[PDB]
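This is protein_16.csv. It holds CSV, C-alpha atoms and all ligand atoms.
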chain,number,residue,atom,x,y,z
Q,318,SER,CA,145.7,-85.8,52.7
Q,319,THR,CA,146.3,-85.4,56.5
Q,320,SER,CA,144.7,-87.9,58.8
Q,321,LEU,CA,142.3,-86.8,61.5
Q,322,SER,CA,142.8,-89.1,64.4
Q,323,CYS,CA,141.1,-89.7,67.8
Q,324,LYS,CA,142.8,-87.3,70.2
Q,325,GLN,CA,142.3,-89.7,73.1
Q,326,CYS,CA,144.0,-92.8,71.6
Q,327,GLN,CA,146.0,-90.9,69.0
Q,328,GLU,CA,146.8,-93.9,66.8
Q,329,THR,CA,143.4,-94.3,65.2
Q,330,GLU,CA,142.3,-92.6,61.9
Q,331,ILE,CA,138.7,-91.4,61.8
Q,332,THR,CA,138.8,-89.5,58.4
Q,333,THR,CA,140.9,-87.2,56.1
Q,334,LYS,CA,140.9,-83.5,55.3
Q,335,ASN,CA,139.6,-84.3,51.8
Q,336,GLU,CA,136.3,-85.6,53.2
Q,337,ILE,CA,135.6,-82.1,54.5
Q,338,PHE,CA,132.5,-80.7,52.9
Q,339,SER,CA,129.9,-78.0,53.1
Q,340,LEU,CA,126.2,-79.0,53.6
Q,341,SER,CA,123.5,-76.7,52.2
Q,342,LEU,CA,125.1,-73.2,52.6
Q,343,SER,CA,127.1,-73.9,55.8
Q,344,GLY,CA,130.8,-73.8,56.1
Q,345,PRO,CA,132.4,-77.1,57.0
Q,346,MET,CA,133.5,-75.8,60.4
Q,347,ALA,CA,130.7,-74.6,62.5
Q,348,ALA,CA,129.4,-74.3,66.1
Q,349,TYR,CA,125.9,-75.3,67.1
Q,350,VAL,CA,124.1,-75.1,70.4
Q,351,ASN,CA,123.4,-78.3,72.4
Q,352,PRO,CA,120.2,-78.8,74.5
Q,353,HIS,CA,121.8,-77.1,77.5
Q,354,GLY,CA,123.2,-74.1,75.6
Q,355,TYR,CA,126.8,-75.3,75.1
Q,356,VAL,CA,128.4,-74.0,71.9
Q,357,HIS,CA,129.7,-77.2,70.2
Q,358,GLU,CA,132.4,-76.9,67.5
Q,359,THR,CA,132.0,-79.4,64.7
Q,360,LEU,CA,133.4,-80.4,61.3
Q,361,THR,CA,131.2,-82.0,58.5
Q,362,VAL,CA,132.8,-84.9,56.5
Q,363,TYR,CA,131.2,-87.3,54.0
Q,364,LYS,CA,132.9,-90.4,55.3
Q,365,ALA,CA,134.6,-91.6,58.5
Q,366,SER,CA,135.7,-94.9,59.9
Q,367,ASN,CA,136.7,-96.7,63.1
Q,368,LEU,CA,133.5,-95.6,64.7
Q,369,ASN,CA,130.8,-97.5,66.5
Q,370,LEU,CA,127.2,-96.2,66.5
Q,371,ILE,CA,125.2,-96.0,69.7
Q,372,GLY,CA,121.4,-95.8,69.9
Q,373,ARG,CA,118.9,-95.2,67.1
Q,374,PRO,CA,118.6,-92.0,64.9
Q,375,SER,CA,116.8,-89.0,66.5
Q,376,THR,CA,115.6,-85.7,65.0
Q,377,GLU,CA,115.3,-84.1,68.4
Q,378,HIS,CA,117.3,-80.8,68.5
Q,379,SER,CA,118.8,-81.8,65.1
Q,380,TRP,CA,121.3,-79.2,64.0
Q,381,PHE,CA,120.6,-80.1,60.4
Q,382,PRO,CA,116.9,-79.9,59.4
Q,383,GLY,CA,115.9,-83.1,57.6
Q,384,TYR,CA,118.6,-85.3,59.2
Q,385,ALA,CA,118.6,-87.5,62.3
Q,386,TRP,CA,121.6,-88.1,64.5
Q,387,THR,CA,123.3,-91.1,66.1
Q,388,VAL,CA,126.2,-90.8,68.6
Q,389,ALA,CA,129.5,-92.1,67.2
Q,390,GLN,CA,132.4,-93.4,69.4
Q,391,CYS,CA,136.0,-94.5,68.7
Q,392,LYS,CA,136.1,-98.3,68.2
Q,393,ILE,CA,139.3,-98.5,70.1
Q,394,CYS,CA,138.9,-96.2,73.2
Q,395,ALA,CA,135.1,-95.5,73.2
Q,396,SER,CA,135.7,-91.7,73.4
Q,397,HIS,CA,132.7,-89.8,72.0
Q,398,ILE,CA,133.8,-88.5,68.6
Q,399,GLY,CA,130.7,-86.9,67.1
Q,400,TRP,CA,127.5,-88.1,65.3
Q,401,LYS,CA,126.4,-89.8,62.2
Q,402,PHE,CA,123.6,-87.8,60.4
Q,403,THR,CA,121.2,-89.8,58.2
Q,404,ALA,CA,118.5,-88.3,56.0
Q,405,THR,CA,114.8,-88.7,57.0
Q,406,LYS,CA,113.7,-88.6,53.3
Q,407,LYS,CA,114.9,-90.5,50.3
Q,408,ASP,CA,115.3,-87.6,48.0
Q,409,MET,CA,117.8,-85.7,50.2
Q,410,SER,CA,121.5,-85.4,49.3
Q,411,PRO,CA,123.7,-86.5,50.8
Q,412,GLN,CA,121.8,-89.4,52.4
Q,413,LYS,CA,124.5,-89.6,55.1
Q,414,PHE,CA,127.4,-87.7,56.6
Q,415,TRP,CA,129.3,-87.1,59.9
Q,416,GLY,CA,129.4,-84.1,62.2
Q,417,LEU,CA,132.6,-84.6,64.3
Q,418,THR,CA,133.7,-82.8,67.5
Q,419,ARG,CA,136.7,-80.7,66.5
Q,420,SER,CA,138.3,-80.9,70.0
Q,421,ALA,CA,138.0,-84.7,69.9
Q,422,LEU,CA,140.4,-84.9,66.9
Q,423,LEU,CA,144.1,-84.4,66.2
Q,424,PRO,CA,145.4,-82.3,64.6
Q,425,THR,CA,142.9,-79.9,66.2
Q,426,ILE,CA,141.5,-77.5,63.6
B,501,LIG,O1,122.2,-82.5,65.7
B,501,LIG,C1,122.6,-82.7,66.8
B,501,LIG,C2,123.6,-83.7,67.2
B,501,LIG,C3,123.4,-84.2,68.6
B,501,LIG,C4,123.5,-83.0,69.6
B,501,LIG,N1,123.2,-83.4,70.9
B,501,LIG,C5,122.1,-84.2,71.3
B,501,LIG,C6,122.2,-84.2,72.8
B,501,LIG,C7,123.3,-83.5,73.2
B,501,LIG,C8,123.6,-83.4,74.5
B,501,LIG,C9,122.8,-84.0,75.5
B,501,LIG,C10,121.7,-84.6,75.1
B,501,LIG,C11,121.4,-84.8,73.8
B,501,LIG,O2,120.2,-85.5,73.6
B,501,LIG,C12,120.1,-86.2,74.8
B,501,LIG,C13,120.6,-85.3,75.9
B,501,LIG,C14,119.4,-84.4,76.3
B,501,LIG,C15,118.4,-85.0,77.2
B,501,LIG,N2,119.1,-85.5,78.4
B,501,LIG,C16,120.1,-86.5,78.1
B,501,LIG,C17,121.2,-86.0,77.2
B,501,LIG,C18,124.0,-83.0,72.0
B,501,LIG,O3,125.0,-82.3,71.9
B,501,LIG,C19,122.5,-81.9,69.2
B,501,LIG,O4,122.0,-81.1,70.0
B,501,LIG,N3,122.1,-81.9,67.9
B,502,ZN,ZN,140.1,-93.5,70.4
Produce structure tokens that represent the structure in this file.
Ligand SMILES: O=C1CC[C@H](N2Cc3c(ccc4c3OCC43CCNCC3)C2=O)C(=O)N1
Ligand SMILES: [Zn+2]
Amino acid sequence: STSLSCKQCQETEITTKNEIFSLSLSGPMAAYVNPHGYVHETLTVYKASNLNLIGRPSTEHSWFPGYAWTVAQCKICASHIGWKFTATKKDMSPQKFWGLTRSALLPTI
């Protein structure tokens, strides 16, 4: 229903609350530890748009075993919004989703 927009440029829709989903047995809203020990608050959604991808998928320090990650940035302002996760194996489900930085969106949830 509600849009989630890039907090930096404000006008740009990234996804909607009805794309919010739970992977495996995790809640949709979760915090994970980055390689330097920062606690990073994310939201998992099936679909997102107005994002560029940077770099190639990587499984290093993957918060989601089985999935690789690729940095995702706002197409308009280049602010880092989150990551695209893609499955490393063909029988996994889903094959793709997005883990977005909560604090990079508006409204903030
Ligand atoms: O599944 C997920 C999504 C990506 C998320 N990452 C990945 C990552 C984050 C921060 C810094 C870095 C990084 O890899 C590259 C690096 C570490 C080596 N030095 C350069 C910068 C970060 O937060 C993570 O740990 N897990
Ligand atoms: Zn933006």
>> When you look at segment 414-417 of chain Q with a cut-off of 9 Å (counting all atoms listed in the file), what residues show up, excluding the ones that are within fewer than 4 positions of it in the same chain? I need them as a VMD selection string.
In response: chain Q and resid 358 to 365 389 398 to 404 421 to 422
> Which protein, DNA or RNA residues have an atom within 7 Å of ligand ZN 502 (chain B), counting only C-alpha atoms and all ligand atoms, as a list in words?
Replying inline: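 Listed by chain and ascending number, the contacts are residues 323, 324, 325, 326, 327, 329, 391, 392, 393, 394, 395 and 396 of chain Q.
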Mind dumping a table of every chain Q residue within 8 Å of ligand LIG 501 (chain B), with the nearest atom pair and its distance in Å to one decimal, using only C-alpha atoms and all ligand atoms, sorted by chain and rising number, as CSV?
residue,atom,partner,partner_atom,distance
Q:349,CA,B:LIG501,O4,7.6
Q:350,CA,B:LIG501,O4,6.4
Q:351,CA,B:LIG501,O4,3.9
Q:352,CA,B:LIG501,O4,5.4
Q:353,CA,B:LIG501,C8,7.2
Q:355,CA,B:LIG501,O3,7.9
Q:357,CA,B:LIG501,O3,7.1
Q:376,CA,B:LIG501,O1,7.4
Q:377,CA,B:LIG501,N3,7.2
Q:378,CA,B:LIG501,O4,4.9
Q:379,CA,B:LIG501,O1,3.5
Q:380,CA,B:LIG501,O1,3.8
Q:381,CA,B:LIG501,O1,6.0
Q:384,CA,B:LIG501,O1,7.9
Q:385,CA,B:LIG501,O1,7.0
Q:386,CA,B:LIG501,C2,5.5
Q:387,CA,B:LIG501,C3,7.3
Q:388,CA,B:LIG501,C3,7.2
Q:399,CA,B:LIG501,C2,7.8
Q:400,CA,B:LIG501,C2,6.2
Q:402,CA,B:LIG501,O1,7.6
Q:416,CA,B:LIG501,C2,7.7
>> Env of residue 424 of chain Q: 9 Å cut, atoms = all atoms listed in the file, seq-sep filter 4 positions within chain, self excluded. Answer as a list in words.
In response: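 The contact residues come out as residues 319, 320, 321, 322 and 324 of chain Q.
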Can those selected residues be exported to a file as a compact mmCIF listing (two decimals), keeping the file's coordinate frame so that it contains C-alpha atoms?
# COMPACT_ATOMS: atom_id res chain seq x y z
CA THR Q 319 146.30 -85.40 56.50
CA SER Q 320 144.70 -87.90 58.80
CA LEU Q 321 142.30 -86.80 61.50
CA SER Q 322 142.80 -89.10 64.40
CA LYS Q 324 142.80 -87.30 70.20
> Expressed in Å to a single decimal, how great is the separation between atom CA of residue 405 of chain Q and atom CA of residue 341 of chain Q?
Replying inline: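 That distance, rounded to one decimal, is 15.6 Å.
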>> Using only C-alpha atoms, can you tell me which of Q:332, Q:425, Q:418, Q:390 comes closest to residue 347 of chain Q?
In response: Q:418
>> Please compute the atom CA of residue 373 of chain Q-atom CA of residue 330 of chain Q distance, one decimal, in Å.
In response: 24.1 Å
>> Quick check, in Å to one decimal: how far apart do atom CA of residue 318 of chain Q and atom CA of residue 411 of chain Q lie?
In response: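 Computing it gives 22.1 Å between the two atoms.
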> Which residue, Q:375, Q:410, Q:328, Q:334, has the smallest gap to residue 346 of chain Q when you use only C-alpha atoms?
Replying inline: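 Result for the nearest residue to residue 346 of chain Q: Q:334.
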>> Calculated over only C-alpha atoms, which of the candidates Q:337, Q:409, Q:423, Q:344 has the smallest distance to residue 382 of chain Q?
In response: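 Checking each candidate against residue 382 of chain Q, we get Q:409 as the closest.
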Complete segment 379-397 of chain Q with N, CA, C and O atoms (output as a short mmCIF file (atom, residue, chain, number, x, y, z; two decimals), in the frame of the given file).
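The new file out.cif reads:
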data_model
loop_
_atom_site.label_atom_id
_atom_site.label_comp_id
_atom_site.auth_asym_id
_atom_site.auth_seq_id
_atom_site.Cartn_x
_atom_site.Cartn_y
_atom_site.Cartn_z
N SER Q 379 117.93 -81.58 66.25
CA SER Q 379 118.80 -81.80 65.10
C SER Q 379 119.36 -80.41 64.63
O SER Q 379 118.62 -79.49 64.33
N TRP Q 380 120.68 -80.34 64.54
CA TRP Q 380 121.30 -79.20 64.00
C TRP Q 380 121.17 -79.05 62.51
O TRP Q 380 121.61 -78.08 61.93
N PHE Q 381 120.63 -80.07 61.86
CA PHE Q 381 120.60 -80.10 60.40
C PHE Q 381 119.22 -80.58 59.97
O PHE Q 381 118.95 -81.79 59.86
N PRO Q 382 118.31 -79.62 59.74
CA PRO Q 382 116.90 -79.90 59.40
C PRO Q 382 116.80 -80.96 58.29
O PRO Q 382 117.46 -80.88 57.26
N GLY Q 383 116.02 -82.01 58.52
CA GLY Q 383 115.90 -83.10 57.60
C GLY Q 383 116.75 -84.32 57.98
O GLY Q 383 116.50 -85.41 57.48
N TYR Q 384 117.74 -84.16 58.86
CA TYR Q 384 118.60 -85.30 59.20
C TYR Q 384 118.42 -85.66 60.65
O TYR Q 384 118.14 -84.81 61.51
N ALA Q 385 118.57 -86.96 60.91
CA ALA Q 385 118.60 -87.50 62.30
C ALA Q 385 120.02 -87.74 62.65
O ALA Q 385 120.86 -87.82 61.76
N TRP Q 386 120.29 -87.89 63.95
CA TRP Q 386 121.60 -88.10 64.50
C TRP Q 386 121.74 -89.31 65.35
O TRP Q 386 120.79 -89.66 66.05
N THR Q 387 122.94 -89.90 65.35
CA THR Q 387 123.30 -91.10 66.10
C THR Q 387 124.70 -90.87 66.64
O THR Q 387 125.60 -90.57 65.86
N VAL Q 388 124.88 -90.98 67.97
CA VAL Q 388 126.20 -90.80 68.60
C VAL Q 388 127.19 -91.76 68.01
O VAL Q 388 126.88 -92.91 67.73
N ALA Q 389 128.44 -91.30 67.84
CA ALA Q 389 129.50 -92.10 67.20
C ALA Q 389 130.72 -92.08 68.21
O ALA Q 389 131.07 -91.02 68.74
N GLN Q 390 131.30 -93.26 68.46
CA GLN Q 390 132.40 -93.40 69.40
C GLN Q 390 133.58 -94.11 68.71
O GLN Q 390 133.31 -94.99 67.88
N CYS Q 391 134.82 -93.73 69.06
CA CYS Q 391 136.00 -94.50 68.70
C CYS Q 391 135.85 -95.94 69.08
O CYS Q 391 135.43 -96.24 70.19
N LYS Q 392 136.11 -96.83 68.10
CA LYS Q 392 136.10 -98.30 68.20
C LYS Q 392 137.14 -98.78 69.17
O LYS Q 392 137.08 -99.93 69.58
N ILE Q 393 138.19 -97.99 69.40
CA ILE Q 393 139.30 -98.50 70.10
C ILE Q 393 139.19 -98.04 71.60
O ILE Q 393 139.37 -98.89 72.48
N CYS Q 394 138.88 -96.76 71.84
CA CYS Q 394 138.90 -96.20 73.20
C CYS Q 394 137.55 -95.84 73.71
O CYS Q 394 137.44 -95.47 74.87
N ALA Q 395 136.51 -95.85 72.84
CA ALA Q 395 135.10 -95.50 73.20
C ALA Q 395 134.92 -93.98 73.47
O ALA Q 395 133.82 -93.58 73.81
N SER Q 396 135.93 -93.13 73.31
CA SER Q 396 135.70 -91.70 73.40
C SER Q 396 134.65 -91.26 72.37
O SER Q 396 134.60 -91.83 71.28
N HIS Q 397 133.76 -90.34 72.78
CA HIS Q 397 132.70 -89.80 72.00
C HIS Q 397 133.29 -88.91 70.90
O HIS Q 397 133.88 -87.91 71.26
#
